[PDB]
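Visitor: let me start by giving you these chains from the complex, positioned as in the assembled structure:
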Amino acid sequence: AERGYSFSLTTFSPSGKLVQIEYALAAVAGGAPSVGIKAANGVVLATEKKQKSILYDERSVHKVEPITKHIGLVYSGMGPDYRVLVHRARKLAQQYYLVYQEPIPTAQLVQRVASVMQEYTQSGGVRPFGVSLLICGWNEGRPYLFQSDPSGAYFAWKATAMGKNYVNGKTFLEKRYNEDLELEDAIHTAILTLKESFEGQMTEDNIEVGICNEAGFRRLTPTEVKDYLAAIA
Amino acid sequence: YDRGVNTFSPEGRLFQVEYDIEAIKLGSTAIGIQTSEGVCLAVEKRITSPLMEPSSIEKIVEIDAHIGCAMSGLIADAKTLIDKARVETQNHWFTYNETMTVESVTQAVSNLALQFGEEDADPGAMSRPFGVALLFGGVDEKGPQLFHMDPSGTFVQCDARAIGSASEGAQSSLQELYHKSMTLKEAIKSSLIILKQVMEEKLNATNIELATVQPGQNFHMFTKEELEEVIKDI
Amino acid sequence: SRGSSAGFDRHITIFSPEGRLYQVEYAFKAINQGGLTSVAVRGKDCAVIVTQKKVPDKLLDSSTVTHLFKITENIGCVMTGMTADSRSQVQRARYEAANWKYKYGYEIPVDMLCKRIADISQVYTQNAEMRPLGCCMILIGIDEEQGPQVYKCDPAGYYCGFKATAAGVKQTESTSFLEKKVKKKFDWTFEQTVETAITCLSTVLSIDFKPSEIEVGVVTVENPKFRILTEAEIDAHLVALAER
Amino acid sequence: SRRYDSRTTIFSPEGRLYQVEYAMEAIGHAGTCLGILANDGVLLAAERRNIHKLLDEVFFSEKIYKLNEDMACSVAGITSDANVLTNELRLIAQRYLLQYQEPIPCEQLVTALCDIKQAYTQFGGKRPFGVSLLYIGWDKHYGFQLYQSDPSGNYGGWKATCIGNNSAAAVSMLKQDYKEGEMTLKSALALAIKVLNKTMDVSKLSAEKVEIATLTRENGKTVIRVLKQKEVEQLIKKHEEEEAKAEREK
Amino acid sequence: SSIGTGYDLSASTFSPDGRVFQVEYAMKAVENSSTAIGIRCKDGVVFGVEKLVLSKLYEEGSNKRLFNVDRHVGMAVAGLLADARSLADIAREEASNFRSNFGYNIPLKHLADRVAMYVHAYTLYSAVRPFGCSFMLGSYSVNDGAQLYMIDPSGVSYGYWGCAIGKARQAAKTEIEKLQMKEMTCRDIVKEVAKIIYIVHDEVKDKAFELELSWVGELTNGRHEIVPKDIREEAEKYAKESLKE
Amino acid sequence: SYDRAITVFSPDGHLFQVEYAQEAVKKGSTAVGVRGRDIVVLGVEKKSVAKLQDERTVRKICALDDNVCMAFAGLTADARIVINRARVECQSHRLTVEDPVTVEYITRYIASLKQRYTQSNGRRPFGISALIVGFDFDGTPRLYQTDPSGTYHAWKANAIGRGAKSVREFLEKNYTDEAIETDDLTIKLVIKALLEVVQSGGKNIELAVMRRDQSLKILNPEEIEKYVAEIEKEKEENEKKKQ
Amino acid sequence: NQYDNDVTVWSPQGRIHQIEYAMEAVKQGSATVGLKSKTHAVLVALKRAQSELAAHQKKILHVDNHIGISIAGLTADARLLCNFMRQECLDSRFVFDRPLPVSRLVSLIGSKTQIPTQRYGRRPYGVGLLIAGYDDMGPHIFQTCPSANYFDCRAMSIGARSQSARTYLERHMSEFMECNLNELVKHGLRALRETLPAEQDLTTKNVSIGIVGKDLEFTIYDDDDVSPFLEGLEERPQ
């Protein structure tokens, strides 16, 4: 027989900080890196799918997940927490569509999921999600790229990174690329910004990438991946 | 040191209930005496200022025409118990069309005894005992009667009893003066004599409440004058 | 950071200054407490489950001593860690699976079942009222057009499919072994898969066990129904490994 | 259970709620934000914190919120916490509009949201919201009004005030340079760039390091707008390109 | 190993080394209890308990540590009696609901797995505490034969041929291994049960005591019954006499 | 739902959460009240006239019904809640019964609300004391006060909040049949009491009163400086002309 | 003390202090005794008075025509349990039109009082009970403790200095079964007296007796009503 803790597990310290949230971000800063680029004609998401042994079947699980026909996700942090948020985003995505009959606007999906993440920083008995997401979408012509973190706060980026070396991965992009970048272009400068930390032999199974153009969102196959890898494609 | 409100001490006593018995010792003192001709209740209002209406201080109240009750301790708490009592006497009258004995009334109130707790509790549930001691005085089929009840939920009948800060002293005096055959007249005098002693302030007719209930007359709260009449014989 | 602590980060599932969850970690050590190790391998036409069967007592109906459970008829699993927790998780798996078919019309995919059990555990990881389960779950069976599948889920919420894997005391030693033989990987036939599993366990435990010292579960593309090998036919594999 | 509960809604020996005070702390570190009351309008100016050369920012503002049709507000504190209290603000507005078929009286929309924050401090064992808000609007009862709210569930109407970083240097400044009774949306925007230039560790207070919005009447329908990049700088230069002209008098 | 710095106050907390001290602590309560043993004969299951004489004022039959959980299932307990009794009610309820639903007597393996999951439920939260008890379930039927199960404070459940719980869990086992129950009949095991009890019982420390024996097998017709006074005495005499050797 | 017991007894029989609430009341803007015979008055001290403020949106004085009103001292937010709860009870006492709300009844109600909140799981007590004013329609004019404990009494005059102890010591030495024997002088004693601890300026006060039948009246800062002069100089016709 | 405040916390010794502490509540209560012949169940108890002007505490309560009890420990808890016991009995008569078998009623107290000892935030009942009843299995004397445990007794006594009474009862057990009422009651009164300070004994003011048996419905005797039993009591301490 179970009861429940009704008091919040996150609380302001005298410094005015929300300790658990910072610590959650620490779990993020310690996770596999992720990069997102808004190419003004499609967005790109890519992360380090570092699997320990070769025994791991890279297939069976993904980090770049489709929310709707036109939305997509990637994270940096605790994998299990992510999964929870993926099911809730997909769900939130449907509750919108049933009511409005129009696919959910990317900004709107972000707002909704961010609200959830915020919920877990005040409700009783729980800890904040130890994850940060990068949502990408094509809603009404313009491409979108967003990031919401543990606190439940979100921002729209032209491009960014989260996870290990996200500090360096950002500055790198802070110059190593800019707007007007076309499709395949933003994809290259993305897999590159990734390698700017990717320790090891970055192959087609060490990474996973998805793109979101104004014609749907999808994950790229090991093929199209092995290609871009050869420093081109 | 933080524990549940329903924790026992190594001594086999609930901390909260013990800690409220303590609170009663900080209340004003009240006395109740039981005579074959009636029962009387007296308490020191313990006025703390001239600007405070001595009348807006009732430590003695009517439960029903045949029952009066005096209190001591955290008076805010007693408000609740007093109401439950009045309501109870009426439910009994409603249902059985007859007055409730003084013992049954006291008992009814005592069942809210240790009715406090945290987990596994309703929303409108007490979170701590009532820091109150009570004296139910009245007359019923068994003649005049006086009952005492503290926070442990225990209650008993007494020929005479005192509660409040001066309780220990007051009770000593009551033991010296009580007569199984004394009278409501003698009784009231003793009450004031003793009350006068223990009070830190000089016994005024405006700093004490006295009331009686007798086999004939229904509960009566002594007037400012009727006090002068008895105080006349300091 | 560097192993720091603050508040109750060591008593309930809340973040530590580093961003770790000690209780989830303490939950992994909890697995080893049983002192057992388990291995699972994915053949090209099958999947195999092998674990120790330490029955130090002769007063136990060895029949009732198992870590091999039939979830569905086409899904079998092996538990590693705290027993009671394990039986529990096994029951939930049976439930989630029976319910999936009733509600959707078809057998639950080994892929999905594990993702499910995984999602559940994730909660214990985010909620403080309860501790995570100190056990690990390995499921195997044949998918519609994906052939044999082998999945394992964490007391932390993680889940995945593998060519082969292990859990228990010698998990880390069992992986090094397997991943080394998956490179030399001959033809992953039924016999080899079964043989490779037994040895991995025998060499990491250095035991050359009798047929009663281990239990073997298997699911076959030609016989999708989960099957637990007899003590007799277990030995048939043991002898076969001795011919060299 | 009793052991892990921090008791976020209890009194301290002093007789104060420590979790409210700590929320304040968080507020006095957030992007500065203030509003001044004129006679032809009312405004809000905030320290745009999402300042960075990579953000794509696709919103009307970053800290300016449209509640009512006659109201808007700004926040100082935890943004997520803020998105929650505003959403609820919009709902309270509409419930009133549904029920009475008339815009909700400005102050009333505030006392509403305040009763909720007040509650989070009296019961529930939950932490209060880490937010302080500035409300500006117009209503057929007191026309233009400016309001401020604390996570304590406390509020007040201000002819002028500030919240956030150095929300002390900003006050006293206005507290003396404010035309109590003779303010124009122009003389208002005046102190705006003047005070923000001060309390804001920024030299030549760029157009981005700030967000402006003004509410005014206009032939019936109330108007709410956030100044465009250019429109901002006009007051940027106007401030300085008048300041050097102020030292030629000393 | 002295681990216990907050890591032992809640069942919802793992120790730094993967343990749940509250459950372990609950078991100690059991290890401090008086020994009870169960042994699967070839035509049933037999139960015996060293019920210590708390006071000579108590009736013979007070604090029974053996109950009928269903007409074909018996329960032998060790540890905190009040905890055990409520587990006996749960067992009963579980066995009763089963009959109402599926329409036939509950299989001992199922009644055991069920009650076990209930026990286990109490080792996951701070909201409750683990049962401080262990018990055995015994039954016989022709379509199932004889079955003996044992559940402990953690929820774990297993089938046995012979088993013991309490003060002398160990000492009782080394004595059970001497018998070849698999071939033995229940009518003969009673003797051996009472035998292993006197051996194991500490004449010194623990004062006087009483012997409780449970019946269930072909000899009882499937109904778990108390062992007839006649058989008990015979088994007591045999145990006492075998003691003088 | 949160069931923790917030207010509990201590070793010597104390309810700290209540005593702490009482402390918050102490750190509040003083508030005094005097009971006349034709007009009861109330004034709220330390009104911290920040000028950049807005008088209306913060007056520690409120009306509950058409025959009752109140002043408070303590946590601002709490007061609001309690104020609007008594307001509601006022109208509901008219739907259940037909007659209006009494002087005491409503005060008792507020006390009962506070007392309850010192004995219910999940809740903190209300950190405010209240000076309830009103004339007992078809009777005399009464004055009552309430503290977090939930206890209440009728006062001839009183003060709560910052230094209320002082103003109380003072009030006890200025109240007489004669002192304020007319509405003109009644509103005076309060004015004096407030000032007898109230910061210099007069722009720190916010008095007001209710007539034994008329609506409520919040005095204007004008009628303020006047009555604040009729005594500012009267505090010289015996202190600067006999000193 | 980390293991003393919650009944859900086991100590490293396999004990639950809260339960033990509650047991202490019983010991504090004034002593009470119970014993049965083969035809009567008898409860005997010593009542205490706060001061000399107060009455003596009730110690014996009527549950149903065939059941009565004596209490030791928290009075409020006695009333809770008594009312539960009363309710359970009324239900039996309502549904089955027969009196609730005493042993079955005891099992219910056992189950009811066990629950709180296992849940967080709850506390053990702080009262012991001696139960005297008569069903179609004859007289019965049961004992129930703060720990949901209960006992079927030949005779018994709980409370302060009840150790003496127990001892006296253990010496004359063999006599009980064949005693006729008045003799049985005397043994009871006699045992109670064992728990007193030598310089004082049984008064018609501090003794209470409860009797139920094949020939009589549970009845209580308190003041003058106790005389008949006190007479013929050898003031021969032993």
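Guide: Now that the structure is in, tell me what you want to look at. Residues are numbered from 1 along each chain as shown, chains lettered A, B, ... in the order given.

Visitor: residue ranges of the strands in chain G, please?
Guide: For chain G, the strands defined by DSSP state E occupy G:32-36, G:40-46, G:60-64, G:67-73, G:127-135, G:138-144, G:150-153, G:155-158, G:207-213, G:216-221.

Visitor: up against chain A, what does chain G have?
Guide: G:119-120 (C-beta under 8 Å from any C-beta of the partner chain). The way it works is simple: take the backbone N, C-alpha and C, and place the C-beta from them, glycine included.

Visitor: beta partners for residue A:134?
Guide: residue A:74, residue A:147 (DSSP bridges).

Visitor: identify the residues contacting residue D:58.
Guide: A:107, A:142, A:144, A:156 (C-beta atoms under 8 Å, 6 or more residues apart in numbering or on different chains).

Visitor: what about 6 Å?
Guide: By C-beta atoms under 6 Å, 6 or more residues apart in numbering or on different chains, the contact list for residue D:58 reads residue A:156.

Visitor: related to what we said a few turns ago, so which of the strands of chain G is the most surrounded?
Guide: Comparing those by mean neighbour count (mean count of other C-beta atoms under 10 Å in any protein chain shown), strand G:32-36 ranks first with a mean of 31.

Visitor: strand partners of that one, parallel vs antiparallel please.
Guide: Assessed with DSSP bridges, strand G:32-36 is paired to strand G:40-46 (antiparallel), strand G:155-158 (antiparallel).

Visitor: can you show me the helices along chain B?
Guide: B:15-24, B:75-96, B:102-110, B:167-177, B:184-198, B:224-231 (DSSP state H).

Visitor: related to what we said a few turns ago, and the strands paired with strand G:32-36: which comes nearest residue G:218?
Guide: strand G:40-46 (8.5 Å; C-beta to C-beta).

Visitor: ok, the residue nearest the centre of chain C - contacts?
Guide: For chain C, the residue nearest the mean C-alpha position is residue C:138 (2.9 Å; C-alpha atoms, centre = their mean). For residue C:138, the contacting residues are C:40, C:77-78, C:152, by C-beta under 6 Å, 6+ apart.

Visitor: top of these by number of neighbours, please.
Guide: residue C:77 (31 neighbours; other C-beta atoms under 10 Å in any protein chain shown).

Visitor: can you add chain H next? sequence is:
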Amino acid sequence: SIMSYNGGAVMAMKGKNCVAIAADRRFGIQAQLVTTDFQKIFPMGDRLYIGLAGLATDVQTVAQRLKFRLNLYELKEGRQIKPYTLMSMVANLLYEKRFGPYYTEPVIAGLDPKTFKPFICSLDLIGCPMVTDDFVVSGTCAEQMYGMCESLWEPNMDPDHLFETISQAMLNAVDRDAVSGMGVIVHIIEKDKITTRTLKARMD
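Guide: Chain H added:
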């Protein structure tokens, strides 16, 4: 029948780059007129109007509750509702009362907020929508109204030949229905303006 308790008629028509919507003005209770100035068409943004027929209370209620939702939608989204979306919004609000529905069959008429696209549709009292390229009717004279419409509507119409067409459909249909009438009002929406005229009609 419940629907014809207050009587009433509503209609929407599709032109080239314009849209029209008209409604009678009578508010009655069975045989008795009560009011002549009863609003049945509500503004739901510029270039978007909804017309409600049926039971007076639900007309008012469905409209007020729909505004509630429309406003928030526009405050959360950073835009102005698209017709096809407002239709889906009303379809949801009505169906939430599937087993105790509001008694009103709405008519939607408007132009795309960011396009020319004229749009008209009507719904079930339970939220089933219908979109057409010509016209839609609702009320106690559906039959009369269909009569006119199938004989006066032309594929493309300038604002003026639309106004004269929808104005004739109404007045003539509504004049063969005893509980509809007491004046007609028309709304013609063009990308640039909103023309609102109250036609001259019978008052019996």
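
Visitor: let's see the contacts of residue D:58 again after adding chain H.
Guide: With C-beta under 6 Å, 6+ apart, residue D:58 has these contacts: residue A:156.

Visitor: and chain C, which of its residues are near chain A?
Guide: Contact residues, chain C versus chain A (C-beta under 6 Å from any C-beta of the partner chain): C:14-15, C:17, C:19, C:122, C:126-129, C:157-158, C:160-165, C:175, C:179.

Visitor: follow-up on the earlier one: name every strand pairing with the helix or strand that the residue nearest to the centre of chain C is a member of and say which way it goes.
Guide: Assigned by DSSP states H and E, residue C:138 falls within strand C:135-143. Take DSSP bridges as the rule and strand C:135-143 pairs in its sheet with strand C:76-81 (antiparallel), strand C:147-153 (antiparallel).

Visitor: residue G:77: which of these is closest?
Guide: Nearest to residue G:77, of all those, is strand C:76-81, at 43.0 Å by C-beta to C-beta.

Visitor: quick one: list the elements packing against the helix or strand just after that closest one.
Guide: Next helix or strand after strand C:76-81 toward the C-terminus (DSSP H and E): helix C:83-104. Packed against helix C:83-104 by the contact rule (3 or more C-beta pairs under 6 Å, 6 or more residues apart in numbering or on different chains; DSSP states H and E) you find helix C:110-126, strand C:135-143.

Visitor: other residues contacting helix C:83-104?
Guide: Residues outside helix C:83-104 that contact it (C-beta under 6 Å, 6+ apart): C:69, C:71-72, C:79, C:107-108, C:113, C:116-117, C:133-135, C:137, E:120, E:154-156.

Visitor: that helix to strand C:147-153, inter-axis angle?
Guide: 130 degrees (axes from the mean of the first three to the mean of the last three C-alpha atoms, to 10 degrees).

Visitor: helix C:83-104: which residues count as buried?
Guide: Of all the residues in helix C:83-104, those buried under the rule 16 or more other C-beta atoms under 10 Å in any protein chain shown are C:83-94, C:96-97, C:100.

Visitor: biggest strand in chain B by residues?
Guide: The longest strand of chain B (DSSP E) is strand B:132-140.

Visitor: spell out which residues of chain C are next to chain D.
Guide: Going by C-beta under 6 Å from any C-beta, the residues of chain C near chain D are residue C:8.

Visitor: how many neighbours does residue 183 have?
Guide: Just going to use chain A. Residue A:183: 15 neighbours (other C-beta under 10 Å).

Visitor: the chain in question should be chain G.
Guide: Neighbours of residue G:183 (other C-beta under 10 Å): 14.
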